[PDB]
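The structure file final32.cif is reproduced below (mmCIF, C-alpha atoms and all ligand atoms).
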```cif
data_protein
#
loop_
_atom_site.label_atom_id
_atom_site.label_comp_id
_atom_site.auth_asym_id
_atom_site.auth_seq_id
_atom_site.Cartn_x
_atom_site.Cartn_y
_atom_site.Cartn_z
CA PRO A 27 0.00 0.00 0.00
CA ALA A 28 2.95 2.39 0.48
CA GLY A 29 3.70 1.37 -3.15
CA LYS A 30 0.91 3.61 -4.55
CA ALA A 31 2.75 6.80 -3.64
CA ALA A 32 5.21 8.76 -5.68
CA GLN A 33 8.78 7.42 -5.42
CA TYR A 34 11.17 9.61 -3.48
CA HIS A 35 14.92 9.33 -3.38
CA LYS A 36 17.70 11.78 -2.59
CA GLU A 37 21.38 11.29 -1.99
CA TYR A 38 24.60 13.19 -1.33
CA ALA A 39 27.93 12.77 0.43
CA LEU A 40 27.75 13.48 4.17
CA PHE A 41 31.26 12.70 5.36
CA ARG A 42 33.68 14.04 2.80
CA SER A 43 37.19 12.59 2.72
CA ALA A 44 40.25 14.84 2.65
CA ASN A 45 40.65 14.45 -1.17
CA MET A 46 37.17 15.82 -1.84
CA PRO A 47 36.06 19.45 -2.10
CA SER A 48 34.90 20.90 1.23
CA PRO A 49 36.47 18.02 3.17
CA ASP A 50 35.01 17.42 6.64
CA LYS A 51 37.31 18.73 9.35
CA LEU A 52 36.79 19.37 13.03
CA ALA A 53 36.63 22.97 14.25
CA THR A 54 40.16 22.35 15.56
CA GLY A 55 41.55 21.95 12.02
CA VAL A 56 41.94 18.18 12.28
CA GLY A 57 40.94 16.58 9.01
CA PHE A 58 40.58 12.99 7.93
CA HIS A 59 41.96 10.92 5.08
CA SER A 60 38.91 8.69 5.24
CA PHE A 61 35.57 8.24 6.93
CA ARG A 62 34.27 4.70 7.41
CA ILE A 63 31.93 2.69 9.66
CA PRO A 64 28.75 4.75 9.75
CA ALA A 65 26.06 4.73 12.38
CA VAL A 66 22.79 6.72 12.21
CA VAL A 67 19.77 7.15 14.53
CA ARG A 68 16.73 9.41 14.68
CA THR A 69 16.34 10.80 18.25
CA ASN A 70 12.95 11.27 19.93
CA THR A 71 13.17 14.97 19.06
CA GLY A 72 13.47 13.91 15.40
CA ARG A 73 17.04 15.20 15.11
CA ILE A 74 19.29 12.74 13.23
CA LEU A 75 22.70 11.76 14.63
CA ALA A 76 25.25 10.37 12.16
CA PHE A 77 28.44 8.79 13.45
CA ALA A 78 31.62 7.56 11.72
CA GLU A 79 35.18 6.63 12.20
CA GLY A 80 37.42 9.51 11.11
CA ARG A 81 40.53 7.66 10.03
CA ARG A 82 43.21 10.30 10.18
CA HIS A 83 46.11 9.32 7.96
CA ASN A 84 44.95 6.43 5.73
CA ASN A 85 41.98 4.02 5.38
CA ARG A 86 43.24 1.31 7.79
CA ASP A 87 41.17 -0.09 10.68
CA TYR A 88 44.05 0.65 13.07
CA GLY A 89 46.12 3.64 14.12
CA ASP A 90 44.88 7.14 14.84
CA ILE A 91 41.12 7.04 14.32
CA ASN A 92 38.58 9.31 16.00
CA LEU A 93 34.88 8.75 16.57
CA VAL A 94 33.14 11.65 14.89
CA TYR A 95 29.63 12.78 14.20
CA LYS A 96 27.18 15.28 12.76
CA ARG A 97 23.64 16.21 13.75
CA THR A 98 20.85 17.74 11.70
CA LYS A 99 20.77 21.47 12.66
CA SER A 100 17.15 21.28 13.79
CA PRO A 101 15.10 18.34 14.97
CA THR A 102 12.55 18.85 12.19
CA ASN A 103 14.61 19.19 8.99
CA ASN A 104 15.08 15.38 8.58
CA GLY A 105 18.46 15.76 6.85
CA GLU A 106 16.73 16.70 3.65
CA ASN A 107 19.63 18.72 2.17
CA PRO A 108 23.39 19.17 2.72
CA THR A 109 22.77 22.46 4.50
CA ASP A 110 20.42 20.73 6.97
CA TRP A 111 23.54 19.20 8.62
CA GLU A 112 25.84 20.69 11.25
CA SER A 113 29.52 20.55 10.54
CA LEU A 114 31.64 17.69 11.89
CA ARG A 115 32.13 17.14 15.60
CA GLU A 116 34.09 14.62 17.69
CA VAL A 117 32.77 12.12 20.24
CA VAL A 118 36.23 10.88 21.20
CA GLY A 119 39.70 11.24 19.64
CA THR A 120 41.97 11.09 22.67
CA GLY A 121 45.57 9.93 22.05
CA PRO A 122 46.91 8.05 18.94
CA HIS A 123 44.40 5.27 19.52
CA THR A 124 41.65 3.62 17.51
CA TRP A 125 38.15 4.73 18.64
CA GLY A 126 35.32 3.46 16.49
CA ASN A 127 32.65 0.86 15.75
CA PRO A 128 29.87 3.35 16.58
CA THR A 129 26.78 1.50 17.80
CA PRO A 130 24.17 3.84 19.20
CA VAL A 131 20.72 3.28 20.63
CA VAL A 132 18.10 5.84 21.51
CA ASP A 133 16.38 5.51 24.90
CA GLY A 134 13.82 8.25 25.40
CA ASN A 135 15.84 11.41 26.06
CA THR A 136 19.11 9.55 26.39
CA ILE A 137 21.23 8.37 23.50
CA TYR A 138 23.64 5.56 24.33
CA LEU A 139 26.68 5.09 22.09
CA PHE A 140 28.85 1.99 22.41
CA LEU A 141 32.21 1.91 20.66
CA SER A 142 35.29 -0.22 20.34
CA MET A 143 38.79 1.00 21.10
CA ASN A 144 42.35 -0.25 20.76
CA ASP A 145 45.68 1.11 21.74
CA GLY A 146 47.41 2.94 18.84
CA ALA A 147 50.37 0.53 18.93
CA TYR A 148 48.21 -2.51 18.08
CA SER A 149 46.34 -3.86 15.06
CA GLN A 150 44.10 -6.87 14.47
CA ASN A 151 46.75 -8.78 12.51
CA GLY A 152 49.82 -7.13 13.98
CA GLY A 153 52.99 -6.25 12.07
CA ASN A 154 51.34 -3.41 10.16
CA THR A 155 53.41 -0.33 9.38
CA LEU A 156 52.28 2.91 11.04
CA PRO A 157 52.79 6.43 9.72
CA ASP A 158 56.13 6.55 11.57
CA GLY A 159 57.55 3.24 10.29
CA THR A 160 56.85 1.45 13.61
CA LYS A 161 55.21 -1.98 13.17
CA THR A 162 52.01 -2.63 15.12
CA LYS A 163 51.84 -5.34 17.75
CA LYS A 164 49.02 -7.85 17.23
CA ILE A 165 45.87 -7.32 19.31
CA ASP A 166 46.10 -9.71 22.28
CA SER A 167 44.43 -10.48 25.61
CA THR A 168 46.47 -8.07 27.77
CA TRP A 169 44.65 -5.04 29.18
CA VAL A 170 46.91 -2.72 27.14
CA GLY A 171 46.65 -4.67 23.88
CA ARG A 172 43.05 -6.01 23.80
CA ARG A 173 40.01 -4.40 22.14
CA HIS A 174 38.10 -2.41 24.75
CA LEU A 175 34.44 -1.56 24.81
CA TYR A 176 33.35 1.91 25.83
CA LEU A 177 30.07 3.61 26.46
CA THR A 178 29.27 7.29 26.24
CA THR A 179 25.91 8.99 26.52
CA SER A 180 24.13 12.17 25.58
CA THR A 181 21.14 13.71 27.37
CA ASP A 182 21.08 16.81 25.19
CA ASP A 183 20.01 15.33 21.81
CA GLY A 184 23.60 14.46 20.77
CA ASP A 185 24.98 17.95 21.45
CA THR A 186 27.56 16.76 23.95
CA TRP A 187 28.78 13.37 25.12
CA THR A 188 29.94 12.24 28.52
CA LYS A 189 33.56 11.15 28.83
CA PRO A 190 33.56 7.57 27.47
CA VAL A 191 33.55 4.96 30.20
CA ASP A 192 35.52 1.73 29.74
CA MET A 193 33.08 -1.17 30.24
CA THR A 194 35.36 -3.96 28.94
CA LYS A 195 35.73 -5.49 32.40
CA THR A 196 31.92 -6.09 32.64
CA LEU A 197 30.62 -6.19 29.03
CA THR A 198 33.29 -8.17 27.23
CA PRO A 199 34.32 -11.70 28.14
CA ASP A 200 37.45 -12.08 30.26
CA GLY A 201 40.44 -13.14 28.20
CA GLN A 202 39.10 -11.93 24.85
CA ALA A 203 41.56 -10.24 22.48
CA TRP A 204 39.81 -8.96 19.32
CA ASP A 205 36.36 -7.51 19.82
CA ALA A 206 33.73 -5.49 17.99
CA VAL A 207 30.54 -3.78 18.98
CA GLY A 208 28.03 -3.49 16.12
CA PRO A 209 28.80 -1.45 14.23
CA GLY A 210 25.64 0.33 13.27
CA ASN A 211 22.91 0.37 15.90
CA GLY A 212 21.24 -1.19 18.88
CA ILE A 213 17.51 -1.28 19.57
CA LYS A 214 14.88 -0.64 22.25
CA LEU A 215 12.40 -3.51 22.63
CA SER A 216 8.63 -3.27 22.68
CA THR A 217 9.11 -4.22 26.37
CA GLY A 218 11.70 -1.43 26.98
CA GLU A 219 15.05 -3.28 27.20
CA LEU A 220 17.95 -2.04 25.08
CA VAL A 221 19.82 -4.55 22.94
CA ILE A 222 23.27 -3.94 21.50
CA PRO A 223 24.84 -6.38 19.05
CA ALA A 224 28.44 -7.29 19.61
CA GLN A 225 30.98 -10.02 18.81
CA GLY A 226 29.63 -13.35 20.15
CA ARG A 227 27.12 -11.67 22.46
CA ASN A 228 24.30 -9.21 22.86
CA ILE A 229 24.67 -6.45 25.40
CA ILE A 230 21.38 -5.92 27.24
CA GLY A 231 20.48 -2.64 28.88
CA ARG A 232 17.89 -2.84 31.64
CA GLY A 233 16.17 -0.30 33.90
CA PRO A 234 14.15 2.89 33.54
CA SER A 235 14.85 5.05 30.47
CA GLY A 236 18.18 6.86 30.85
CA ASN A 237 19.24 4.90 33.95
CA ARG A 238 20.34 1.59 32.56
CA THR A 239 22.60 -1.14 33.75
CA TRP A 240 24.02 -3.57 31.21
CA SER A 241 24.83 -7.27 31.10
CA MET A 242 26.09 -9.77 28.56
CA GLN A 243 23.97 -12.36 26.77
CA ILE A 244 26.66 -14.74 25.53
CA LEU A 245 25.74 -16.27 22.18
CA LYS A 246 26.85 -19.45 20.44
CA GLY A 247 28.01 -19.17 16.82
CA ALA A 248 27.28 -15.42 16.41
CA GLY A 249 29.52 -13.21 14.22
CA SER A 250 31.89 -10.41 15.22
CA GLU A 251 29.72 -7.76 13.40
CA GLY A 252 26.07 -8.27 14.19
CA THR A 253 22.81 -6.56 13.63
CA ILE A 254 19.92 -6.85 16.06
CA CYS A 255 16.26 -6.35 15.33
CA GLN A 256 12.93 -7.12 17.04
CA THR A 257 10.88 -8.83 14.33
CA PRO A 258 7.07 -8.26 14.17
CA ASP A 259 6.40 -11.51 16.07
CA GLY A 260 8.20 -9.94 19.08
CA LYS A 261 11.21 -12.27 18.85
CA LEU A 262 14.84 -11.11 18.56
CA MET A 263 16.89 -11.72 15.44
CA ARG A 264 20.60 -11.50 14.94
CA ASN A 265 21.66 -11.06 11.30
CA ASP A 266 25.44 -11.16 11.24
CA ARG A 267 28.39 -10.71 8.96
CA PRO A 268 29.84 -14.12 8.09
CA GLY A 269 33.45 -15.07 8.72
CA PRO A 270 33.95 -16.31 5.14
CA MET A 271 32.39 -14.71 2.08
CA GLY A 272 28.99 -16.09 1.10
CA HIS A 273 25.82 -15.27 3.04
CA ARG A 274 24.41 -13.57 6.14
CA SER A 275 24.36 -15.71 9.32
CA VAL A 276 20.94 -15.47 11.03
CA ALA A 277 19.46 -16.54 14.40
CA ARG A 278 16.20 -15.90 16.20
CA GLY A 279 15.11 -16.07 19.84
CA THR A 280 14.35 -13.98 22.94
CA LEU A 281 16.12 -12.24 25.85
CA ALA A 282 16.41 -15.79 27.34
CA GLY A 283 18.53 -17.03 24.43
CA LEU A 284 18.81 -17.31 20.69
CA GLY A 285 18.60 -20.43 18.56
CA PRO A 286 21.48 -21.58 16.39
CA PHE A 287 22.97 -19.35 13.75
CA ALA A 288 22.47 -20.58 10.21
CA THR A 289 23.37 -19.10 6.80
CA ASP A 290 20.48 -17.33 5.02
CA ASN A 291 20.80 -18.18 1.31
CA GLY A 292 18.30 -15.47 0.45
CA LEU A 293 20.91 -12.92 1.67
CA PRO A 294 24.19 -13.08 -0.18
CA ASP A 295 26.95 -11.12 1.59
CA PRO A 296 30.60 -10.57 0.79
CA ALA A 297 31.76 -10.71 4.40
CA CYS A 298 30.81 -7.13 5.12
CA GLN A 299 28.72 -5.30 7.69
CA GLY A 300 25.01 -4.88 6.97
CA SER A 301 22.21 -2.89 8.57
CA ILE A 302 18.66 -3.69 9.57
CA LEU A 303 15.67 -1.70 10.71
CA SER A 304 12.21 -2.51 12.00
CA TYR A 305 10.36 0.12 10.03
CA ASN A 306 6.85 -0.28 11.52
CA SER A 307 4.92 -2.75 13.71
CA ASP A 308 1.38 -1.94 12.41
CA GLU A 309 -0.05 -3.61 9.25
CA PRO A 310 1.74 -4.44 7.16
CA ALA A 311 4.67 -4.89 9.54
CA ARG A 312 7.98 -4.33 7.75
CA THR A 313 11.62 -5.13 8.38
CA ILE A 314 14.24 -3.33 6.18
CA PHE A 315 17.63 -4.84 5.43
CA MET A 316 20.64 -3.32 3.69
CA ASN A 317 23.95 -4.90 2.65
CA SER A 318 26.01 -5.70 -0.48
CA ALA A 319 23.84 -8.35 -2.17
CA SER A 320 26.80 -10.26 -3.62
CA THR A 321 29.01 -13.13 -2.50
CA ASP A 322 32.28 -11.51 -3.67
CA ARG A 323 32.12 -7.68 -3.62
CA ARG A 324 30.85 -4.69 -1.62
CA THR A 325 29.49 -2.74 -4.63
CA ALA A 326 26.10 -4.48 -4.99
CA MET A 327 24.33 -2.42 -2.33
CA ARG A 328 20.72 -3.42 -1.91
CA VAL A 329 17.88 -2.47 0.33
CA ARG A 330 15.04 -4.93 0.91
CA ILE A 331 11.77 -5.39 2.79
CA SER A 332 10.44 -8.41 4.60
CA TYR A 333 6.79 -8.60 5.49
CA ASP A 334 7.38 -11.85 7.43
CA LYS A 335 6.55 -11.84 11.14
CA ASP A 336 10.01 -13.40 11.80
CA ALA A 337 11.72 -11.73 8.78
CA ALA A 338 12.39 -15.14 7.21
CA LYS A 339 12.22 -13.90 3.60
CA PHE A 340 13.26 -10.56 2.05
CA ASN A 341 12.16 -9.42 -1.41
CA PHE A 342 14.62 -8.57 -4.20
CA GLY A 343 14.18 -4.96 -3.08
CA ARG A 344 16.18 -2.35 -4.99
CA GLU A 345 19.76 -1.71 -5.98
CA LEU A 346 21.25 1.56 -4.75
CA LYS A 347 22.84 1.58 -8.26
CA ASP A 348 19.36 2.64 -9.55
CA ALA A 349 19.94 6.08 -7.95
CA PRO A 350 23.70 6.43 -8.42
CA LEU A 351 25.67 9.39 -7.17
CA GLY A 352 28.55 10.93 -9.07
CA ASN A 353 31.61 12.49 -7.45
CA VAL A 354 31.83 10.13 -4.44
CA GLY A 355 33.96 7.21 -5.73
CA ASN A 356 32.65 3.64 -5.98
CA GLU A 357 29.65 3.22 -3.65
CA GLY A 358 29.32 0.26 -1.35
CA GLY A 359 30.26 -1.28 1.95
CA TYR A 360 29.17 -0.74 5.57
CA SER A 361 25.68 0.75 6.06
CA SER A 362 23.33 2.10 8.79
CA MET A 363 19.62 2.84 8.56
CA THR A 364 17.12 4.84 10.56
CA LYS A 365 13.55 5.93 10.00
CA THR A 366 13.00 9.69 9.69
CA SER A 367 10.07 11.76 10.97
CA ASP A 368 8.88 12.36 7.39
CA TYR A 369 8.58 8.63 6.86
CA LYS A 370 11.65 7.83 4.80
CA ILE A 371 14.56 5.48 5.29
CA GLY A 372 17.75 7.41 5.90
CA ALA A 373 20.88 5.32 5.21
CA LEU A 374 24.55 6.03 5.49
CA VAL A 375 26.50 4.06 2.87
CA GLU A 376 30.28 3.87 2.59
CA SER A 377 32.00 4.69 -0.72
CA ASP A 378 35.55 4.07 -1.89
CA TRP A 379 37.42 6.28 -4.37
CA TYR A 380 39.77 3.31 -4.87
CA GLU A 381 42.80 5.46 -5.99
CA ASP A 382 45.58 3.26 -4.53
CA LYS A 383 43.35 0.28 -5.30
CA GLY A 384 42.95 -1.76 -2.10
CA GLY A 385 45.98 0.01 -0.66
CA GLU A 386 45.77 2.12 2.48
CA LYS A 387 45.92 5.42 0.58
CA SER A 388 42.51 4.96 -1.12
CA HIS A 389 40.13 7.59 0.25
CA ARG A 390 36.81 6.54 1.79
CA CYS A 391 33.75 8.76 2.15
CA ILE A 392 30.19 8.26 3.37
CA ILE A 393 26.95 8.92 1.54
CA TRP A 394 23.63 9.91 3.08
CA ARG A 395 20.65 8.49 1.24
CA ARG A 396 16.95 8.95 1.83
CA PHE A 397 14.12 7.09 0.18
CA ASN A 398 10.53 6.17 0.89
CA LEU A 399 9.10 2.65 0.78
CA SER A 400 7.62 3.28 -2.65
CA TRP A 401 11.16 3.71 -4.08
CA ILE A 402 12.09 0.27 -2.75
CA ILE A 403 8.75 -1.34 -3.62
CA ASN A 404 8.63 -0.13 -7.22
CA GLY A 405 12.08 -1.23 -8.45
CA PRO A 406 12.79 -4.19 -10.74
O1 LIG A 501 36.39 -3.50 6.24
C1 LIG A 501 36.45 -4.42 7.04
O2 LIG A 501 36.33 -5.62 6.70
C2 LIG A 501 36.57 -4.16 8.46
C3 LIG A 501 36.72 -2.94 8.99
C4 LIG A 501 36.60 -2.79 10.48
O3 LIG A 501 37.25 -1.62 10.94
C5 LIG A 501 37.23 -3.99 11.17
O4 LIG A 501 37.01 -3.87 12.59
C6 LIG A 501 36.53 -5.26 10.68
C7 LIG A 501 37.22 -6.55 11.08
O5 LIG A 501 38.46 -6.54 10.44
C8 LIG A 501 36.46 -7.79 10.62
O6 LIG A 501 35.14 -7.71 11.12
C9 LIG A 501 37.12 -9.09 11.10
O7 LIG A 501 37.29 -9.13 12.52
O8 LIG A 501 36.42 -5.35 9.27
NA NA A 502 43.46 10.35 17.70
#
```

Let me see the file written as structure tokens.
Amino acid sequence: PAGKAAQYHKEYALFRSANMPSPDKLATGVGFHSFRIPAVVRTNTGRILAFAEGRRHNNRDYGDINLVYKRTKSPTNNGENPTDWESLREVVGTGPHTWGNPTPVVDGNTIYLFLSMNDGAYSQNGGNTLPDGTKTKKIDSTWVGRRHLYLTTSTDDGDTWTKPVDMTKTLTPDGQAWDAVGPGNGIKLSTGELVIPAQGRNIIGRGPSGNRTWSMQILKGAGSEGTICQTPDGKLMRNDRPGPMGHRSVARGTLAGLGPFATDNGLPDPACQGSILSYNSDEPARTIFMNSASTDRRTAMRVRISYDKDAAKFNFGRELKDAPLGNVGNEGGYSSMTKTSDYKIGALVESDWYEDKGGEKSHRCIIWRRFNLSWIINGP
């Protein structure tokens, strides 16, 4: 029934890499080679908060990387145009460290933002060469050299953020080395609990709005990069990035536990992050899913709808190719979706200029797309 309406789509770069005109810089003068790893949420004011990793010197997952963000200037503009967005701010950039994997969730008048961190001397694989010629040590299980999990919060509609608090000791398993939270988004259940996807576990926030305490729900067979969603039937669903290239890994259950993860052959994935959004719970209930709908590459970005009460089946949906955007490099990769006040899907989508090929010098930017259901429904 939302298919009857006139299609609407609109798209433009929102985080502009250093190689692009009007590159995004902080008010301090700090600029960024690349922006990756988007997260976006609509607050209960209707203001949109967009988060990313500002990777300072190159496009690598490690090294000096700051967690940055923008807000819409007003809570009512819905990010309609470029000028509707504030200029870049910083959640956390302290030291030479990696701060990233933004994974926010809105809770009434509090926005919670989980993030991952590592020391600037360490990388996932280790032995990587830093700007100064120093080789990274490999992420390990020491306090110094593990991936930490941090939580920061805003009670002023994303304007300011409390000093990030290290929650690794309580919300990551003891002994763990590599870790990820999201990235993308957590969710607030119909029943009021907050759920944050993370590597091998959900992170559950309980208590009144804005005064939460968190615990781990350890999962069996989950991915490192998960999405969480409350399907129309009320159940939870993890839809995760696979280890190897092929297809999304999916599991369903409740706060008491999830069933086994199993590959969803309806959802090809190239071992890349995806995003998911419960769009509405009234009839017809809809779940939206975005990812690169390919087994081998990140450039087949597709958005889809499921009408299933457990989101078992997604339609073909529509290729983001159908509304391509010039002057932003080759679009595709990590994504994040939110619903806007004016009833569109707002998505951040990574794009890669690909100048040094897959080398570290290739600049990465992030696109902001909006589209209504009609635009998805009425594609080939
Ligand atoms: O572009 C990527 O593939 C990527 C970028 C992120 O910054 C990394 O944290 C993440 C990680 O390397 C994998 O999830 C395997 O742990 O992957
Ligand atoms: Na930094």

Compare A:286, A:107, A:279, A:114 by their minimum atom-to-atom distance to residue A:247, counting all atoms listed in the file, and give me the closest one.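 Of A:286, A:107, A:279, A:114, the one nearest residue A:247 is A:286, counting all atoms listed in the file.
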
So which one's closest to residue A:391, A:269, A:376, A:55, A:249? Using only C-alpha atoms, please.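 Of A:269, A:376, A:55, A:249, the one nearest residue A:391 is A:376, counting only C-alpha atoms.
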
Please compute the atom CA of residue A:232-atom CA of residue A:130 distance, one decimal, in Å. 15.5 Å

Tell me which residues come within 12 Å of (45.4, -7.7, 31.2), as a list in words, counting all atoms listed in the file in the file's coordinates. residues 165, 166, 167, 168, 169, 170, 171, 172, 173, 174, 194, 195, 200, 201, 202 and 203 of chain A

Distance filter 7 Å around ligand NA 502 (chain A), atoms: only C-alpha atoms and all ligand atoms, out as a PyMOL selection string: chain A and resi 90-92+119-124

Please identify all protein, DNA and RNA residues within 7 Å of ligand LIG 501 (chain A), counting only C-alpha atoms and all ligand atoms, and report them as a PyMOL selection string. chain A and resi 63+87+150+206+250-251+298

For a cut-off of 12 Å around (22.1, 17.4, 12.4), file coordinates, pick out all residues using all atoms listed in the file and list them as a PyMOL selection string. chain A and resi 40+66-69+71-77+95-115+183-185

Atom CA of residue A:141 to atom CA of residue A:243: how many Å, to one decimal?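 Between atom CA of residue A:141 and atom CA of residue A:243 the gap is 17.6 Å.
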
Under the rule that all atoms listed in the file are counted, which of A:216, A:70, A:60, A:320 is the nearest residue to residue A:366?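 Ranked by minimum distance to residue A:366, first place goes to A:70.
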
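Among the candidates A:322, A:50, A:79, A:368, the one nearest to residue A:272 when counting only C-alpha atoms is A:322.
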
Pick the closest to residue A:176 from A:309, A:158, A:382, A:205: which is it, counting all atoms listed in the file?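 Answer, going by the shortest atom-to-atom distance: A:205.
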